[PDB]
Amino acid sequence: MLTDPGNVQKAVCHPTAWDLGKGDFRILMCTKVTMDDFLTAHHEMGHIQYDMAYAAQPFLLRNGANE
Amino acid sequence: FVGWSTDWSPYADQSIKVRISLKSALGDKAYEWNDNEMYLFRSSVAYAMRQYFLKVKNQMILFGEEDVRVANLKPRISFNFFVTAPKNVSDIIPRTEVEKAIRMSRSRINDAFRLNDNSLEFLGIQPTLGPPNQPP
Amino acid sequence: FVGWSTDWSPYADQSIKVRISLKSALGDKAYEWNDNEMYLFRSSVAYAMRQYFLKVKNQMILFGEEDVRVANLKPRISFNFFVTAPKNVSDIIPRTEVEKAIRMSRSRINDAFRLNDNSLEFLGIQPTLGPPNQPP
Amino acid sequence: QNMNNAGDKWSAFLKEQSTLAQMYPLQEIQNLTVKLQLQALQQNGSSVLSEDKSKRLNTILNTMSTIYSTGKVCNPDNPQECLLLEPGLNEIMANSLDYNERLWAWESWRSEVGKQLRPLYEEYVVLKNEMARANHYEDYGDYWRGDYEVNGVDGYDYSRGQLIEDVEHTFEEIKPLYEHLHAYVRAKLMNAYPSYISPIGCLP
């Protein structure tokens, strides 16, 4: 889901990223057509490249180190 | 038996009548007792509990002047009073400890109003002091 | 300039150091000052504002003993204190009126603890009385 | 829930498999590729707790967030001229550069929120503590540091009671950098704001 330009349509809202495991890294964004998604874009692409290390690696092998 | 006594309570026994005679110690030319001297008193009553309950009962309980309950205000600065708990007002202070509480600081309050314990009447509490030893 | 003074406040100027010397008026054989006599004092401090603000400022504002703020308690009966508003605690009482407020009822509080104004030290407030007229 | 309660079909299945993984230590394993695995094992949620009153606490938690998000001070010069925290109160600290009105805005804002949330705080501490004690920890602020409880490469660990001790090895040498900066702004606060500031003492 990306759709929220100005609408009241039922979807949850944050620009957020995922590591799902089993070779799956999702985004979820609430695009009020604005720059805060591209603020998070390489910001996540620095962090999901840590997540591309645990692409198929377990739930017992989660994110990187600390926050 | 006809009627009833219209003022009895089962807590009236713990009330103490205090009886001030300004024409006995300061006599004349003295200050005219009014509602300030009412308000001075209950502060100095609350004094006597704090000085009692930590020098004798030895734990701290706080007291305001409003805990000193005033009933039947008469010009002769005479009125029956009793004190309660501060805001556990469901419970009051038992009079049996107040009797020794006054006798500890009885000497404190007469000079707090230039009085002589014959202008500090309590009707149940009387001064028990004064052995003289003038000759060597 | 290195460091800072770790205790300054912009409201510390309104605090008054009171200095009690029990070995000066009552001397020895006197009662041992403790946290009751702390609690007696703030009640009798709150006294002085009520007597001031309606005999001078001439409108009623209420005061509890807790409005008398106590800081730096010294077993030597000495501490800097100031008083606030009752529960408009965003605002405090200006010290400039407290100085005349003590000087009105300075005579009230020394006999409230059998003291002599050389055991009621205020460091900014001193007794200004006593002209004698013995000869006719 | 398809991630919590369908995590709980695996979390109840975890309590078959995690206990069959719970016979291994934390320091005599150096494989790494499997060392942190049992450290990410208490993760999937707090299924060891019977969460019935931690799902009572969320009723308190939404009340805590609503008053802060609706944190607002109506001005007393005219009573229905009101300013919230976010578009009305930080702006006073931004646009206005007066001592006393910002002093009023500092005090009047703090007379609103934490007093109403103080009865939302005492039970919030203790109920999170037996939540932490059923999470088998002494306090939930320790769990906060529980991500930093990495005892893996024999020198690479990080005890909970040492990670801040090294932080107090830092700022006391940055404290003289404040001391010049204190005297710098005390040289500034005498002629920027009307001379209340002791140039020796602390700051308002």
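Residues numbered from 1 in each chain as written, not as in the entry; some residues may be left out. Chains lettered and ligands numbered in written order. Part of a larger assembly, values for the part shown. Heavy atoms only, no water.

As documented in the archive entry, the model was determined using cryo-EM at 4.5 Å resolution.

The PDB entry annotates chain D as Angiotensin-converting enzyme 2 originating from Homo sapiens. Under its PDB record, the entry appears with the title "ACE2-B0AT1 complex, open conformation".

As recorded by the PDB entry, chain B carries the name Angiotensin-converting enzyme 2 and is attributed to Homo sapiens.

K.L.:
Please clarify how the overall build of chain B should be interpreted in this entry.
P.N.:
In terms of regular secondary structure, chain B is built from three helices and three strands. Helices and strands in chain B line up, N terminus first, as β-α-β-β-α-α. In chain B, the share of contacts with a sequence separation of at least 24, taken over all contacts with a separation of at least 6, comes to 56%. Here chain B has roughly 8,500 Å² of accessible surface; of this, 57% comes from carbon and sulfur atoms. The average position of the 18 basic charges and that of the 15 acidic charges among the side chains of chain B differ by 4 Å. (Helix = DSSP H or I, 4+ residues; strand = E, 2+ residues; numbered from the N terminus. Contact = heavy atoms within 4.5 Å. Areas by Shrake-Rupley, 256 points an atom, 1.4 Å probe, with all protein chains shown as cover. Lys, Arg positive; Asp, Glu negative; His and termini not counted. Charge placed at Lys NZ, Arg CZ, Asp CG, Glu CD.)

K.L.:
Honestly, the state of the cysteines in this entry has me stumped. Any pointers?
P.N.:
A full pass over the atoms with the stated rule returns two disulfides over all chains. There is a disulfide in this structure between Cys13(A) and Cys30(A), and the S-S distance comes to 2.0 Å. Handedness of the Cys13(A)-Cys30(A) disulfide follows from its S-S torsion of about 65°: it is right-handed. Placement of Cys13(A) in the segment before β1 (16-17) and of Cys30(A) in the loop between β2 (27-28) and α1 (36-51) is noted, with a sequence separation of 17 residues between them. Note that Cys74(D) is cross-linked by a disulfide to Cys82(D), the S-S spacing being 2.0 Å. In this structure the cystine formed by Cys74(D) and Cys82(D) twists about its S-S bond by roughly -85°; its chirality is therefore left-handed. (Disulfide = S-S within 2.5 Å.)

K.L.:
Looking at this structure, how should I read the interface of chain B and chain C?
P.N.:
In many reports, interface size means the accessible area that the parts give up when they come together. The interface is formed by 16 residues belonging to chain B together with 17 residues belonging to chain C. In total, about 1,400 Å² of surface goes out of reach between chain B and chain C, with carbon and sulfur atoms giving 45% of it. Counting the contacts that link chain B with chain C gives one salt bridge. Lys55(B) serves as the salt-bridge partner of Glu37(C), at 2.9 Å between the closest nitrogen and oxygen. The tally of links from chain B across to chain C stands at nine residue pairs in polar contact. (Buried area = accessible area lost by both parts, 1.4 Å probe. Salt bridge = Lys/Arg side-chain N within 4 Å of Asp/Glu carboxyl O. Polar contact = N/O pair within 3.5 Å; in protein donor to acceptor, adjacent residues only side chain to side chain.)

K.L.:
Can you walk me through the interface of chain A and chain D in this structure?
P.N.:
Between chain A and chain D, the residue contacts involve seven residues of the former and 10 residues of the latter. In this assembly, chain A packs against chain D so that about 730 Å² is buried in total across both faces, 63% of it on carbon and sulfur atoms. Of all residues in chain A, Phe59(A), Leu60(A) and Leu61(A) give up the largest surface area on contact with chain D, accounting jointly for 67% of the area buried on that side. If you look at where chain A meets chain D, you find zero salt bridges. On inspection of chain A and its partner chain D, the count reaches zero residue pairs in polar contact.

K.L.:
Where do I start with the sheet that holds strand β3 (residues 78-83) of chain C in this structure?
P.N.:
Within a sheet, adjacent strands bond to each other through the backbone by hydrogen bonds, running parallel or antiparallel. All names here are of chain C. Taken together, the three strands give an open sheet; going across it, the order is β1-β3-β2, and neighbouring strands pair in antiparallel fashion. The open sheet terminates on both sides in strands that have one partner only, identified here as β1 (16-19) and β2 (68-74). In this sheet, neighbouring strand axes are inclined to one another by 25° on average, regardless of whether the strands run parallel or antiparallel. Here four bridges tie β1 to β3, and the two strands are oriented antiparallel to one another. (Pairing = 2+ DSSP bridges. Axes fitted to C-alpha atoms, helices over the stretch in contact; angles between N-to-C directions.)

K.L.:
I'm lost on the nonpolar core in this one. Help?
P.N.:
One broad trend across soluble globular proteins is that nonpolar side chains are buried collectively. With 33 residues, the main nonpolar core has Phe41(B), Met49(B), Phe53(B), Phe63(B), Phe81(B) and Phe113(B) as its most contacted residues. Contributions of two or more residues to this core are made by β1 (16-18), α1 (35-55), β3 (78-83) and α2 (95-104) of chain B together with α1 (35-55) of chain C. If you tally residues by element for this core, the top one is α1(B), at 10 residues. Non-local contacts of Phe81(B), meaning those with residues more than four positions away in its chain, are made with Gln14(B), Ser15(B), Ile16(B), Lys17(B), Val18(B), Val45(B), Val68(B) and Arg69(B). Residues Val45(C), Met49(C), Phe81(C) and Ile93(C) belong to the second largest nonpolar core, which totals 32 residues. (Core = buried A, V, L, I, M, F, W, Y, C linked by side-chain atoms within 4.5 Å. Buried < 20%, exposed > 50% of the residue type's maximum accessible area, 1.4 Å probe, protein only.)

K.L.:
When you look at the UniProt feature "disulfide bond" in chain D in this model, what are you seeing that I'm missing?
P.N.:
Of the disulfides listed in UniProt, the one linking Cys74(D) with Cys82(D) is reproduced by the coordinates, which place the two sulfurs 2.0 Å apart. On the basis of relative accessibility, which here comes to 44%, the residue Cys74(D) falls in the partly exposed class. (UniProt positions renumbered as here; feature names shortened; annotations may be inferred.)

K.L.:
In this structure, what is going on with the pairing of strand β2 (residues 68-74) of chain B? I would like to understand it.
P.N.:
Put simply, side chains in a regular strand alternate between the two faces of the sheet. Residue and element names in this part refer to chain B. Pairing of β2 with β3, which is carried by five bridges, proceeds in the antiparallel orientation. In the strand pairing of β3, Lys 74 is matched with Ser 78. The hairpin formed by β2 and β3 contains three residues between the paired strands, and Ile 77 there has a positive phi angle of roughly 45°.

K.L.:
How should I be thinking about the packing of aromatic side chains in this particular structure?
P.N.:
Describing an aromatic ring pair means giving the distance of the ring centres and the angle of the ring planes. Across all of its chains, the model carries 20 aromatic pairs over all chains by this definition. With 5.9 Å between their ring centres and 35° between their planes, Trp10(D) and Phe13(D) make a pair best called tilted. Remark: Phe13(D) and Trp10(D) occur in helix α1 (residues 5-17); sequence separation between them is three residues, near one turn of the helix. Relative accessible area serves as the criterion here: at 36%, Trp10(D) is assigned to the partly exposed category. Among the residues examined, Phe13(D) registers a relative accessible area of 38% and is labelled partly exposed. Of the aromatic side chains, those joined through ring pairs into one cluster are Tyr47(B), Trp33(C), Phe41(C), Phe79(C), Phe81(C) and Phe113(C). Here the basic side chain of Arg160(D) rests over the ring of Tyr137(D), its NZ or CZ set 4.0 Å away from the ring centre. (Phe/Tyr/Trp six-rings, centres within 6.5 Å; stacked < 30°, edge-to-face > 60°. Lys NZ or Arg CZ within 6 Å of the ring centre and 35° of its normal.)

K.L.:
I would appreciate a short explanation of the arrangement of the chains in the present structure.
P.N.:
In this assembly three pairs of chains touch, with chains B and C having more contacts than any other pair. The closest approach of any C-alpha atom in chain B to one in chain D is 21 Å; the two make no contact.

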